[PDB]
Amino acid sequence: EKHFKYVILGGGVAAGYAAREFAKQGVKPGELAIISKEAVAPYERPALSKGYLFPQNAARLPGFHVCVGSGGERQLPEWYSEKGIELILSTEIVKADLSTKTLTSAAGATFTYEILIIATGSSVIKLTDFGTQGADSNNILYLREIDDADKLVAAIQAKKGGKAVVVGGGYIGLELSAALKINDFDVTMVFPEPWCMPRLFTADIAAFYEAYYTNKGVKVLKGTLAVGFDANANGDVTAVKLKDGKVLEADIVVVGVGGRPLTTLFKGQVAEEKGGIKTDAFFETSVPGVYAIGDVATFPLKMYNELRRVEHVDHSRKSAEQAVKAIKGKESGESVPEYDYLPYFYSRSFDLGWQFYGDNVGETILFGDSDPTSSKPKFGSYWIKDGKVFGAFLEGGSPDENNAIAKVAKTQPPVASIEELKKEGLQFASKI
């Protein structure tokens, strides 16, 4: 049994950014521990679907350890031990008892805390959840952690020059199809929805990327579903069978069909809301001294007066700082302001790069140049509900053009005329 005043459960992005805030708040040696099932100190997870997979000049640890992804300093394992912050790596907690403040690992080790910070992130939904035949064949890969990224880098070198199938049309589907393409793979994207990124992209935004990906040689099969996989004698995947009977040849298969908050250790012990652990504006759960941050928390999104859950890296960084300030603030009888978050999402693929700020509610208006064969495409979209701008998307924008649409999403300016908004386009944001 090891006791610590503060225990961060998980060693991902929120854990690393909470550790940075703890050091900034004068944490003392022996006070804080980070328990992680990963063998490495916290890192900027977004690099795993991008830089990590490049055929040349690839991103490797320790380069992308936190907090460099936000322009902060690198926190190598020594950053922690110099401060008396115990990193407990390769340790998976299989039981958590909030009533006795005890965490129990797979090997039966126990750890106690005074303050717990749940930062377990998201699970990887696997094709077994839909009873897909052959989903256990070798080379049917998923991407969540650095070990998955290493197994993917190796399968890429092994099957290079061959055929890849990507099941999923979300973030992983779009980013991984691009990764396999640049790695000399013949890629097919498969997903059941009528267009890519259905939870964010309109049919018009999606159509730009479908045409773009097609010209790069990526076959995008909309309205398609994988129902099985063929495998050879060694058990390696050889093909992907679709609901319509079409069979695609596959040397490697990559799947991105969503993630769920990794809350399994606390079911029945914390209040929940839409899959996540329900928190207040300071990330404290229904149990005093227990906080939940990043991907697992369903917190009040102040701007929209609703409880929301965000499974993106910007929120994992901002929520971590909020919970640590809330814990340290209470120790001095002080209160900190409520979390005031502006949902910020982004994706990168090929020579493209988009940003989204706010909420994708109401009706949309496409602006700019959305031609996929243009050398420098720049186009965006606005989301309008109740006469005001709620959301703003922009592909190919400059730093100041991205901050202009972010300003629009924060301030929710009124739209007296949609005809004028369509006519101004990106200038509506740049002016305001």
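Residue numbers here begin at 1 and follow the sequence given.
> Per the record, averaged over C-alpha atoms, which has the higher B-factor: 241-249 or 212-220?
Comparing averages over the C-alpha atoms only gives 241-249.
> Comparing 178-186 with 129-137, which has the greater mean CA B-factor as deposited?
Mean C-alpha B-factor is greater for 129-137.
> Which one of 228, 258, 169, 121 shows the biggest C-alpha B-factor in the PDB entry?
The listed residue with the largest C-alpha B-factor is 228.
> Have a look at 35, 39, 389, 48 and flag the one whose Cα has the highest B-factor in the entry.
389 has the highest C-alpha B-factor of those listed.
> Could you tell me which third, lowest, middle or highest, the C-alpha B-factor of residue 396 occupies within its chain?
For residue 396, the deposited C-alpha B-factor lands in the lowest third.
> Relative to the other modelled residues in the chain, which third contains the C-alpha temperature factor of residue 409: lowest, middle or highest?
Middle third.
> Just say lowest, middle or highest third for the CA B-factor of residue 366 relative to the other modelled residues in its chain.
Tercile = highest for this residue's CA B-factor.
> Going by the recorded CA B-factors, say which third of the chain residue 276 sits in, lowest, middle or highest.
Highest third, going by the recorded CA B-factors of the chain.
> Is residue 69 in the lowest, middle or highest third of its chain when residues are ranked by C-alpha B-factor?
Answer is middle: the recorded C-alpha B-factor places it there.
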